[PDB]
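Peer 1:
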Amino acid sequence: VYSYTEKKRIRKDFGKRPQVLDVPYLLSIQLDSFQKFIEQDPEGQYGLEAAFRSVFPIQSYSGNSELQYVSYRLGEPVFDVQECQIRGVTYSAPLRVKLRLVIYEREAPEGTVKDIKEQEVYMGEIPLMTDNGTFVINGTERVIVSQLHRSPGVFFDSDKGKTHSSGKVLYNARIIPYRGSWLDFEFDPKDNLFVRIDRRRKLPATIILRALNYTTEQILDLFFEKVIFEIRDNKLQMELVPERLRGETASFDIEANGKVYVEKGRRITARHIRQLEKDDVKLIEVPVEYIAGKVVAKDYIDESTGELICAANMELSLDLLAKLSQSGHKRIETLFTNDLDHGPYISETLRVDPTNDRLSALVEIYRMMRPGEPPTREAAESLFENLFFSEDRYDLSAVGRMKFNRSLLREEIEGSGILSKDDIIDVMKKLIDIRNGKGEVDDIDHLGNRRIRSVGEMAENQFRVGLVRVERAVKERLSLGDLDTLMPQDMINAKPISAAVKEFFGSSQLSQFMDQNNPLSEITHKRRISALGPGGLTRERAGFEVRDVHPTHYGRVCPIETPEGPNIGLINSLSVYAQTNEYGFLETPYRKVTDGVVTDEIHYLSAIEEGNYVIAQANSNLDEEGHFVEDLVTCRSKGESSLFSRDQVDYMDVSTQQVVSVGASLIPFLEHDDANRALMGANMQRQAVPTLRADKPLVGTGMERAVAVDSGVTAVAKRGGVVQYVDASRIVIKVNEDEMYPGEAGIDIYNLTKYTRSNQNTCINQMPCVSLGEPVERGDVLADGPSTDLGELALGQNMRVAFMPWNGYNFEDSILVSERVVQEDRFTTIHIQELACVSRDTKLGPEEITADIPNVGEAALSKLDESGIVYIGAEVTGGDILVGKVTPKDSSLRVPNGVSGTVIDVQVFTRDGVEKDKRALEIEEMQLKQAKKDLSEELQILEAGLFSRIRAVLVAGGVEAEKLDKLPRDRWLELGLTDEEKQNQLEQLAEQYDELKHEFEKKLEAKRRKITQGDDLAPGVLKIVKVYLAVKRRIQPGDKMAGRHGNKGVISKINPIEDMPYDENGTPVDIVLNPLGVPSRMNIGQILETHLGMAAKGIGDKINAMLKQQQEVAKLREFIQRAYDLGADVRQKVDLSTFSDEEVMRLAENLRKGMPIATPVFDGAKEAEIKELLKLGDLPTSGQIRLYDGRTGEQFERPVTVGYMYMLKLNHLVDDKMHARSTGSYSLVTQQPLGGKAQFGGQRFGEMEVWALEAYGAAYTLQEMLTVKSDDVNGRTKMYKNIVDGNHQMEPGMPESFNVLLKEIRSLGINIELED
Amino acid sequence: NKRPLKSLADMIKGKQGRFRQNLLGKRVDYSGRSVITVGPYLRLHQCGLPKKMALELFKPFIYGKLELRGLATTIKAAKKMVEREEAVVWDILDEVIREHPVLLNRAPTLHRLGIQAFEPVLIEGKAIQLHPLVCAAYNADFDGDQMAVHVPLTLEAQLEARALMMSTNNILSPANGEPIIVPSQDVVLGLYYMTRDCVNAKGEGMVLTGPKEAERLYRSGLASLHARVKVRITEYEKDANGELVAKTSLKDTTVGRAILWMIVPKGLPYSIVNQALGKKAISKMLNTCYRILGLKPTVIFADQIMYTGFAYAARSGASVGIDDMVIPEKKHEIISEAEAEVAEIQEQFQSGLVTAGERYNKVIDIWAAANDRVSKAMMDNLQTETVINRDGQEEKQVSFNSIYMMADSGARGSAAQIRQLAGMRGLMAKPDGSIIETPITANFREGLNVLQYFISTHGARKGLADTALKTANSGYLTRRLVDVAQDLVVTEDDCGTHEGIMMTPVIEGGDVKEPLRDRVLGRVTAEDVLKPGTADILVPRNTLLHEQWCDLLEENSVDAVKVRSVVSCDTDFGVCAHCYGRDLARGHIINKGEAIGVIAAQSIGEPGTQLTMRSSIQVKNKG
DNA sequence: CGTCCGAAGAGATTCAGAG
DNA sequence: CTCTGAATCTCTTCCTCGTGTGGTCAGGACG
RNA sequence: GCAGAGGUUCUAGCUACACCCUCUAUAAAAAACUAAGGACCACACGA
Ligand SMILES: [Mg+2]
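Dropping the structure here:
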């Protein structure tokens, strides 16, 4: 079965591998994340709830006052998305929050409250995301990109190599929290374990143990293994265990139980260990010289006086041995030191550490944290407990605790957010073990250590910041507050929380201005995964490691779609099938592999557990039983590609498109072109400008439909049915009876967005894709949005391309374009400009907007209306006047020079209080008329639908066809119908219609007030006039045109069609590319794409030939079936007999322009399949044909390659780039060019160009262009007067920038002057 | 915004400080930018330029001419006339662009030739047209590359731009004497296709009166472009004291090589156009033309050779296709042998005969051997497989395949860049640089496995990040090099210093990396060189070593030549001309004054972007 | 109506080993 | 016991130009 | 045409980069005409 719109033009899909999992909703990463944030979560986890619950204690200091959160509910947005975008206001929901204030009696903490005050308070103003997963901040559609940052937890880095400049590897452990203070435990080059908290001065890390209420004895009991020594008559008989002898040297002669085991100079072999274990030796005599090298563990005092004979952790000498022997210390505890692995590291720190008590440790920590002031014991204790033992000032998220327990190999998954003594000692023990050799350091770039912070998590963090900021003020106010003297609304204000949220959403390191020029651009910018951002590595601070792709990126982050330049690999996109785990990690679908069967069950796997199993390659053949036909299959066990037997395999890739993202998946033959060319092609697809009439690509991937549907550019059908009425501005869908709810179903109305200004000044145009009466199913495409054709993403426009040099006009990378392309408007793109005029307050009276402008001609004022605003639809040109504004004593807005076009609409916003001019009244009246017309249209349409609902029910059980036509349709409650459930349904519809009639005038009045009320504007402005200019930029020499395979070039010449190379058929090639760019830049995919497009157009031409002549539908059906079969078995498998025999004609007419072919990313068309496809048509199997010269007329030898490759048109048009300037306004430093942009500017003759002129014998052109052309005011004036005089003579003078430098150096206090 | 606020020292230091932002290099007026266009019809002394850009840049000149001719009484009326773009304004504009050079300027001006002068040719459009030859000098693409145009104002500025900065005056790069305007990518391919031969081509065998008859036969279509035919040529040589003598002979050649003969100037011999004429051959041709004919004949010859190369590359139709890249028939058996060998090595490791390290080394070695074998098989299939007759039984010739012609000619491509298309792509390394044990066996003509493409994108991301870091490192190095320099200019003409450095061809254990001919060329000796005959003044003490002297040195078999080094110069606050040597951009001694510190710094720093980041003694030959 | 609140190297700075 | 060399700590950049956007001391009321 | 004002237009026009005429304390026979301001930080992208 196929969808009806798919029946219109069904895409020939290659790919032998059968798909098991349908492509997920590409915008899930944003929509699902925000649905988690704004949702009311009863569990109070993950949402505005956790944020309120985490910060709602409100405990007064000795005031018995408490305020608690009870519930909240986001209000309905004041303005709809379209209304907020046109007004410039944010799309936000008022945050109705219900709060309960309770006051307890004094000195009665356990007593009940004396009064309860519950009320709903408006705090904050939280913006919402549209159905397309994008915010609207200030009239701009702004999207928040998900941030990939190092997850909270513990990571044992190395910093191997450069440190200490001796090859000695250091080891450090960072306790990175979600919010709080970092805690790094580093090693001194002399193997001393230091602590570095918040990257402050290095400190002996043993001080933190003392700060955690631990003495030396406890520290050595935790971090070292006690060895018991017994004083005996036989020279202090020593107790040794078998395990401690492994890896030891010949310390002495081991003789126990009157038997010798190991002699002098004999290594302790495992055989010796086994035989002494069989003998079970426990006590071994040791020479007194050996104990000198041991270190005491615990303190010892004599039993007579109790004085300190020997403290803990110092070397033992002969005098110490004599003192402990004479005292009578029978039991002696010593540390087990093994320089091989179990080396001493805490002991060295304790030698370095001069602190012996917890108070001294706290004092030193305070000194190293807050120096310059005398610390206090209470102050130090408070600082430490607020720094590590306090939830408010320090917290690890559930992901942080999970990572902590993963790295520490703990058992529990969850735990307290704050740390503890056990956590610190466990981290130190693991760091010590890493130093010893057991265990391995972790990789920061691993996706198991870098989670993804979505928009919901960022918004929750900013909300928590706002809540704590207002909590500080509430606590401060409540200290002196009085009970029962105020409403629970004065202490909390929406101002700071709203300011924080608005600042985050509008101006942030991550609040990216959405590049809304392509559906692919929107779909890949909302899925963008940036490492940069708040709480993230910066570009300069980012290492080479982070930029560079990790083996664990497979299936999680696309390794092909990254922005080249300053941030390469830092803003990498997310692969098509990857989804974010509930802890922020990146999962990946993976088919479970059973005993030998590749089972269809899809198990999402994170990066940490991917290594544990072995992953099979997607390009592994199966025998339809899940059995690899392939006894050894290539696999990815631990990030290493290696052949594995079938029985070894534990998991398989979900499909062949897993690794690539949506931006890189749409490139056909991605398996052929080079990775750099693939990267550039994926990047350039995001910046193609929509053509006027977008058309499907002849060769594609099959994800274009998925990208177009998933993105919000098109108008998908939420409910199926039939198209009752279709219009270029609206589409009405009559929902089917089996797809509509019993109540309030009616029919669906879709208001397609007409020509609207976009973020990159392009047209967001939606054209209907259906006619009247066309059946439509659920989730179907109805309107072809920008760069969309028949529900398929149509970025550019495919055309004939011949690969051959042509007189140098395609010299190295330039593109040659025929006159035929320009003639048929293939690349004419509508650009909507936003020329906004503002009337601010001015001294000595304000400025008017009337048409009275002095020192101007009547011709310029002819376009403007009587009130000084350009007539809608007027075709203005460069330098023309749009709206007449004169300042009090000629500041009217004018079209910028060069740009032209016709005004599409002029919207005016006027603040309340100032009377609106004639044009504003006319526009407001037309807006009211349009709103009333739309409301009446929906009134009549929904009334017709509801009557059809009623009439259909009234065909049985009291049917009166004649009686219905008699009485007017307004009243039907008097009709006689059986007292059954049908009568109840009619009564329900009648009551609903009555309530709707009551609400109709209310909402109409609300709309009238919305269009009447003065729109909020910036302070000190009268009214703002926005004029939208539609520029139709045709293709021109210099316009940057680029295909999908990384081949980019500027159009050199628009060559007349008569000069184009034509084949024997006479059809001239539309574009003549350069073959020389194929071998070096290995974009060989474009050659495969060219051949497949040639085959597709051959099929289309055969269909056209058998369609232009009146042929039987049987011939069309058999040819279409032959085309869709195409030899080698494919997943497509479309049968033409199941069609209705008249939609076959529609299909053939839709394939007249070319056969649509889908080439999946990594299992697309092979060379044999393409050759067979060429053989299907009249075209040769070689793919290249003889072409005759356009001018000479004789065929080119060595027949050239032609085909219809899908090449885009990037938005880097030459029209934008022209920046010529002679003289203009100057800067502060008096550098004349004034930072060239829209502002009329000269290009920075930078330091490199100055060096270049210095290398030449240039001292006059350089001098003129560094002095008289740039900043010398007298010099500039004299040069201008001289050139207009005709004498090109330079009056040198001196650059004013040097005078500025002299003044700045003098202002420092350094006299710098010149000698005369 | 919680950011450090700029102080009185933050605006005197750093990139954004007053020095490097407003004094060292400052924005200028009379400047415009646009994307660039090829426009092969131009000559390198001129460039295309849009009408709007010429109107805006030359506004003061247009105002002055309007005032002089009385079209507008006042600047104000003339400015209104320029806004109206009245037809009279365009005619005035054509007068101020007759001989007014403009300085084409690409943004990353790495070396001296980054900015060059051009006579603007008014074109309708909005894209600057840059001559194809100077694109290599500019390192400029046609992929959205934009370059600024600056208008010299004063007579001194325009005059020195014409005399020095013109592309006609910049033929040899300052880094080395080799030409910089050499046919680079497409014209070289056209010449290479032109100068070849089929062993059996249409119109092969008949004798031709001259190049005119060769053109007549080719254009009429009755003789193939490259067919081995004897032609009669009037080869001109200047073996006399500047006089050109004529030598007429029947040199066996092809039609295509005879076509180029009318392009080359008189002085050049025919032995330079009788080869396949790749990139290196054309570079040597242009260098010989510059060293023999001079500058103007070299410019005219370069323009004509560009024209013919483009025209006959268009006529060639040197396309690219799937059948143009051939898979070796032995590639499958080489892959099978490599798989068998790695299986044997793994089996040996499993038993324990070979541990991990030696197993890894063995696998890497055998995979490299298989890669070399498949590369050789690919080259044999790509240059030897071609079978074509000679009106007889059987013969084998050098291939005319599209990719082989586009790679062997040096037009664009290399050995690895052609291996990655038909042969095994090779062992591809991980981010850390350690080689993946199992290579990317599949090539680009065939598909790539998902893991194979993952390793490929590992390498590609490594290369892209390396380039991104390396361009910044090279820019910093260029800045340091320029600034340790820029006080060193040629202040004197000679110092009479006998000191110097003994120039000797460099040997690093292998063959001669650089012969003494190309190492001492253009430098003035310090003491008289002598041949095996003692007390022989083969070259006097203070004579510049031009091409003739170096050629004489090779045939006299000199070993070490003491030469005057700039280090040994005793001149204060500069160096003398003799101690420096040839300008490396003009065929004469360095001019007294020219700044050579900045030239040297730019020459050193320009290839920084092209750099990278990471027994027994046996006699070789008889002697 | 105006006015007062990572990384990479160099060099200085401790800092230390050995008679 | 006073310097020696050596580890430690602190400074100083770390390309070069374009083109679109958006955010920015924020005195505030009283004589 | 260098310090000011007036003139036929259109409040005001004396070279202000700036457009016509008069003279040194007085205002009109006269058509082409008029305006001299403007930073930093972030994001994305191109080479
Ligand atoms: Mg380029």
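Read top to bottom, the protein sequences are chains I and J. All letters in the first sequence, in the order written, are residues 2 to 890, 915 to 1341 by the entry's author numbering. All letters in the second sequence, in the order written, are residues 320 to 933, 948 to 956 by the entry's author numbering. Quick reminder that beta carbons are idealized off the backbone N, C-alpha and C, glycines included.
1. Looking at chain I, which residues of the segment 637-668 of chain J have a Cβ within less than 7 Å of any of its Cβ atoms?
2. Can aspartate 413 of chain J be considered in contact with ligand 1, in the sense that its beta carbon sits closer than 7 Å to one or more heavy atoms?
3. By how many angstroms is the C-alpha of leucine 612 of chain J removed from the C-alpha of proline 502 of chain J?
4. Which of helix, strand or coil does DSSP assign to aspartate 410 of chain J?
5. DSSP puts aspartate 1004 of chain I in a beta bridge; with which residues?
6. Report yes if the CB atom of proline 451 of chain J is closer than 8 Å to the CB atom of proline 359 of chain J, and no otherwise.
7. Name the one or two DSSP bridge partners that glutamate 187 of chain I has.
8. Sorted by chain position, which residues of the same chain lie with C-beta nearer than 6 Å to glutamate 187 of chain I's C-beta, five sequence neighbours on each side aside?
9. Identify, in the order they occur along the chain, each residue of the same chain with its Cβ nearer than 7 Å to the Cβ of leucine 960 of chain I, setting aside the five sequence neighbours on each side.
10. Could you work out which residues of chain I lie near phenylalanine 380 of chain J, taking near to mean beta carbons separated by less than 7 Å?
11. Give me every residue whose Cβ sits closer than 6 Å to any heavy atom of ligand 1, in chain order.
12. Whose Cβ in chain I lies nearer than 9 Å to the Cβ of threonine 816 of chain J?
13. Note down, in chain order, each residue of its chain lying with its Cβ closer than 6 Å to the Cβ of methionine 1304 of chain I, except the 5 sequence neighbours on either side.
14. What number of angstroms, rounded off, separates the C-alpha of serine 34 of chain I from the C-alpha of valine 146 of chain I?
15. For the putative contact between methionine 1107 of chain I and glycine 1228 of chain I, defined by C-beta atoms under 8 Å, what is the C-beta separation to the nearest angstrom?
16. Measuring CA to CA, which of J:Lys378, J:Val618, J:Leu432, J:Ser539 is closest to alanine 494 of chain J?
17. Between the segment 349-362 of chain J and chain I, which residues of the former have a C-beta closer than 8 Å to a C-beta of the latter?
18. Where do the ends of the beta strand (DSSP E) carrying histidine 832 of chain I lie?
19. Between the segment 785-816 of chain I and chain J, which residues of the former have CB atoms less than 7 Å from a CB of the latter, in chain order?
20. Does the separation of the CB atoms of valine 857 of chain I and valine 782 of chain I fall below 8 Å?
21. Whose CA, out of I:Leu100, I:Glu1197, I:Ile816, I:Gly780, lies closest to the CA of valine 56 of chain I?
22. So what does DSSP say about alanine 875 of chain I, is it helix, strand or coil?
23. Measuring alpha carbon to alpha carbon, tell me which residue in J:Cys814, J:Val880, J:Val825 is nearest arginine 842 of chain J.
24. Quick one: using the 10 Å Cβ neighbour count with 16 as the cut-off for buried, is residue 940 of chain J buried or exposed?
25. Just the chain J side, please: which residues come within less than 7 Å of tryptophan 1276 of chain I by C-beta, in chain order?
26. Look at the alpha carbon of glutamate 415 of chain I and the alpha carbon of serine 318 of chain I, and state the distance between them as a whole number of angstroms.
Peer 2: Let me lay it out:
1. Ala637, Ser638, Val639, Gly640, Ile641, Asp642
2. Position 94 of the second sequence, counted from the first residue, corresponds to residue 413 of chain J. False, no ligand heavy atom lies under 7 Å from that Cβ.
3. Position 183 of the second sequence, counted from the start, is the residue given in the question as residue 502 of chain J. Position 293 of the second sequence, counted from the start, is the residue given in the question as residue 612 of chain J. Their backbone Cα atoms lie some 18 Å apart in a straight line.
4. If you number the second sequence from 1, residue 410 of chain J lands on position 91. Reduced to three states, the DSSP call for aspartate 410 of chain J is helix.
5. Your numbering for residue 1004 of chain I matches position 979 in the first sequence. According to DSSP, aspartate 1004 of chain I bridges with nothing at all.
6. One-based indexing of the second sequence puts residue 451 of chain J at position 132. One-based indexing of the second sequence puts residue 359 of chain J at position 40. The answer is yes: Cβ separation under 8 Å.
7. Indexing the first sequence from 1 puts residue 187 of chain I at position 186. Answer by DSSP bridge pairing, in chain order: I:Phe195.
8. Here residue 187 of chain I corresponds to residue number 186 of the first sequence, with the count starting at 1. Only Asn173, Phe195, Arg197 meet the Cβ criterion.
9. By one-based count along the first sequence, residue 960 of chain I stands at place 935. Within the same chain, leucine 960 of chain I has close Cβ partners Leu1029.
10. As a working mapping, residue 380 of chain J is identified with position 61 in the second sequence. Simply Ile1308.
11. J:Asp460, J:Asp462, J:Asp464
12. Within the second sequence, residue 816 of chain J is the residue found at index 497, counting from 1. The contacting residues do not exist; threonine 816 of chain J stays about 25 Å from chain I at best.
13. Counting from one through the first sequence, the residue named residue 1304 of chain I turns up at place 1279. The answer, listed in chain order, is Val1293.
14. As a first step, residue 34 of chain I is located in the first sequence; it is residue number 33 there, counting from the start. As a first step, residue 146 of chain I is located in the first sequence; it is residue number 145 there, counting from the start. When rounded, the distance between both Cα atoms is 12 Å.
15. Counted from its first residue, the first sequence places residue 1107 of chain I at position 1082. Counted from its first residue, the first sequence places residue 1228 of chain I at position 1203. Their Cβ separation, rounded to whole angstroms, is 18 Å, which puts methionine 1107 of chain I and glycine 1228 of chain I out of contact at 8 Å.
16. Here the question's residue 494 of chain J lines up with position 175 in the second sequence. Nearest option by C-alpha distance: J:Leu432.
17. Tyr349, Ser350, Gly351, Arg352, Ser353, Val354, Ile355, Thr356, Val357, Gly358, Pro359
18. Locating residue 832 of chain I in the first sequence gives position 831, counting from the first residue. 830-841 is the span of the beta strand (DSSP E), which, as asked, contains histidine 832 of chain I.
19. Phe804, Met805, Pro806, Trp807, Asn808, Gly809, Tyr810, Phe812, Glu813, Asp814, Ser815
20. Position 856 of the first sequence holds residue 857 of chain I. Position 781 of the first sequence holds residue 782 of chain I. Not closer than 8 Å, so no.
21. Taking the first residue of the first sequence as 1, we reach residue 56 of chain I at position 55. Of I:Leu100, I:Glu1197, I:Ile816, I:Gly780, the residue nearest in Cα terms is I:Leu100.
22. The sequence position of residue 875 of chain I within the first sequence is 874, counting from 1. The answer is coil: DSSP assigns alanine 875 of chain I none of H, G, I, E or B.
23. By 1-based counting over the second sequence, the position of residue 842 of chain J is 523. That would be J:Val880, whose Cα lies nearest to the Cα of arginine 842 of chain J.
24. The gap in chain J between 933 and 948 takes in residue 940 of chain J, so it carries no coordinates here.
25. Within the first sequence, the letter at position 1251 stands for residue 1276 of chain I. Result: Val801, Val917, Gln921.
26. Start at 1 with the first residue of the first sequence, and residue 415 of chain I comes out as number 414. Start at 1 with the first residue of the first sequence, and residue 318 of chain I comes out as number 317. Cα to Cα, the separation comes out at about 49 Å.
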